Amino acid sequence: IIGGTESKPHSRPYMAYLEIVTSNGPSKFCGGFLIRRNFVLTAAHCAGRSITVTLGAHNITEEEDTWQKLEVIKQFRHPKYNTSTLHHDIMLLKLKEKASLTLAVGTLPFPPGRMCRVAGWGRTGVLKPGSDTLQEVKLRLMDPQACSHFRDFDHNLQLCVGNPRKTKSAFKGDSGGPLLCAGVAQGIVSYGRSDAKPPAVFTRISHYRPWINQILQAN
Ligand SMILES: CC(=O)NC(C)(C)Cc1c([C@@H](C2=C(O)[C@](C)(c3ccc(C)cc3)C2=O)c2ccccc2)[nH]c2cc(C)ccc12
Ligand SMILES: [Zn+2]
């Protein structure tokens with residue numbers, strides 16, 4: 001998160017920190033959010049050989065009783081995900097066991113112009129490491145023409161988030177996190193520019209409600 005503030009500890013108890021293993025490199029990182037006691041929503045490009053989910057965190061460098069470190073049994077990447085266009089950048093993670101409900105850990109249930117909020121542990125600048133603490137920022141929903149320069153952007157599948165006149169933005173490390181508009185989840189962080197100039201591209205959740213319901217009902 002660029003240009004944001006430190007979240008109040010444990011104020012977003014659905015938030016998930018993902019550590020992802022690839023075969024021929026060190027760990028990489030993404031965000032996500034708990035939608036059922038044994039399911040986490042995130043981005044398809046965050047898939048790997050194996051993934052560990054940490055719930056209940058604020059400062060990710062200091063172990064505490066609120067932490068739940070949970071095993072992933074299976075990854076459900078969207079079957080139409082395209083690595084060229086980045087269309088359909090969405091994935092469900094099934095947890096080996098159901099999470100415990102505490103003050104610090106719980107689910108987020110399901111229900112241009114206005115303001116929304118996004119949170120994550122990602123980089124705080126182009127040449128700056130990821131944040132030790134959970135950060136968040138308020139951003140403007142933009143009309144789709146603001147994202148024309150992303151040649152594979154589509155208004156039906158995606159949202160355009162962040163006023164180009166400000167520095168505030170999601171960035172690398174924040175992919176898979178939720179965008180909340182008046183307390184309701186409307187988007188998932190996907191991608192943007194290498195130089196971090198806003199706006200960025202988010203997945204539009206409403207389009208995928210049939211697919212999400214299908215996975216949850218059969219697993
Ligand atoms: C290739 C490339 O450099 N793409 C651009 C867009 C320039 C940079 C970019 C990415 C990028 C990316 C990673 O690296 C990382 C950390 C990751 C994590 C875990 C895994 C397993 C694989 C990768 C991740 O996310 C990415 C995005 C999409 C696809 C692939 C990689 N995400 C953004 C989010 C915003 C807000 C802004 C810009 C970007
Ligand atoms: Zn704590």
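Residue numbers start at 1 and run along the sequence shown. Any value given below was found using the heavy atoms of this structure, including those in side chains, with hydrogens, waters and symmetry copies removed. Counting starts at 1 for both ligands and their atoms, in listed order.
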- Message: Counting non-hydrogen protein atoms only, what is the nearest one to atom 10 (C) of ligand 1? Give residue, atom name and distance.
- Response: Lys172 CG, 4.1 Å
- Within a distance under 4.0 Å of any heavy atom of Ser190, pick out the atoms of ligand 1 and give their elements. 34 (C)
- Exercise check, heavy-atom protein proximity under 4.0 Å to atom 29 (C) of ligand 1: yes
- Applying side-chain contact (heavy atoms from CB on, under 4.5 Å), run through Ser131 and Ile1 and close with a yes or a no. CA-CA 8 Å; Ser131 179; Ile1 305 294; over 6 Å; no
- Go through the steps for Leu103 and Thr66 under the test side-chain contact (heavy atoms from CB on, under 4.5 Å), then give the verdict. CA-CA 9 Å; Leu103 180 60; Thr66 57; over 6 Å; no
- Query: With hydrophobic residues grouped by side-chain heavy-atom distances under 4.5 Å, do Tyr17 and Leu93 end up in a single group?
  - Reply: no
- Message: Tell me the contacting part of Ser169 for ligand 1: side chain, backbone, both, or neither, using a 4.0 Å heavy-atom threshold, strictly below.
- Response: neither
- Message: Using a plain distance cutoff, I'd like to know if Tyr191 has any nitrogen or oxygen under 3.5 Å from a nitrogen or oxygen of ligand 1.
- Response: no
- the protein heavy atom lying closest to atom 32 (N) of ligand 1 turns out to be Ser175 OG, 3.6 Å
- Would atom 35 (C) of ligand 1 count as contacted, meaning some protein heavy atom under 4.0 Å? yes
- Message: Please tell me whether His78 and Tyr208 form a close aromatic pair, meaning their ring centres lie under 6.0 Å apart.
- Response: yes
- Message: When you compare ligand 1 with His45, is there at least one nitrogen or oxygen pair between them that comes in under 3.5 angstrom?
- Response: yes
- Message: Please check this pair: side chain of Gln75 against backbone of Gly48, looking for a donor-acceptor N/O pair closer than 3.5 Å.
- Response: yes
- Between CE on residue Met91 and CZ on residue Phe76, distance to nearest 0.5 Å: 11.5 Å
- Considering only non-hydrogen protein atoms, determine which one is nearest to atom 5 (C) of ligand 1 and report residue, atom name and distance to 0.1 Å. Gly192 O, 4.4 Å
- Can you tell me if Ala196 has a non-hydrogen atom under 4.0 Å from ligand 1? no
- Query: Within the stated cut-off of 2.8 Å, is an N/O/S atom of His58 closer than that to the Zn ion (ligand 2)?
  - Reply: no
- Message: Which of the numbered atoms in ligand 1 are under 4.0 angstrom from any heavy atom belonging to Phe29?
- Response: 18 (C)
- Would you say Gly176 touches ligand 1, if touching means a heavy atom closer than 4.0 Å? no
- Message: I'd like to know if atom 14 (O) of ligand 1 has any protein heavy atom within a distance of less than 4.0 Å.
- Response: no
- Query: Between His207 and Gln158, is any side-chain donor less than 3.5 angstrom from a side-chain acceptor?
  - Reply: no
- Kindly indicate whether atom 25 (O) of ligand 1 is approached by any protein heavy atom to under 4.0 angstrom. yes
- Task: List every atom of ligand 1 that sits less than 4.0 Å from any heavy atom of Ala170, numbering the atoms from 1 in the order shown and giving each element.
- Result: 36 (C)
- Query: Within a reach of under 6.0 Å around CZ of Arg114, are more than 12 heavy atoms found that belong to other residues, nucleotides or ligands?
  - Reply: yes
- Would a distance-only check, ignoring hydrogens and angles, find a side-chain to backbone donor-acceptor pair under 3.5 Å from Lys94 to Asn219? yes
- Message: I need the atoms of ligand 1 closer than 4.0 Å to a non-hydrogen atom of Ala47, numbered in the order shown.
- Response: 21 (C)
- Query: Do any of the N/O/S atoms of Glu64, backbone or side chain, fall under 2.8 Å from the Zn ion (ligand 2)?
  - Reply: yes
- Any side-chain donor-acceptor pair under 3.5 Å between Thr203 and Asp89? no
- Message: Looking at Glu136 and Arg117, would you say the former's side chain and the latter's main chain have a donor-acceptor pair under 3.5 Å?
- Response: no
- Gap between atom NZ of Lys28 and atom NE2 of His45 - 0.5 Å precision: 9.0 Å
- Atoms of ligand 1 less than 4.0 Å from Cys30 heavy atoms? 18 (C), 19 (C)
- Query: Would you say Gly48 touches ligand 1, if touching means a heavy atom closer than 4.0 Å?
  - Reply: no
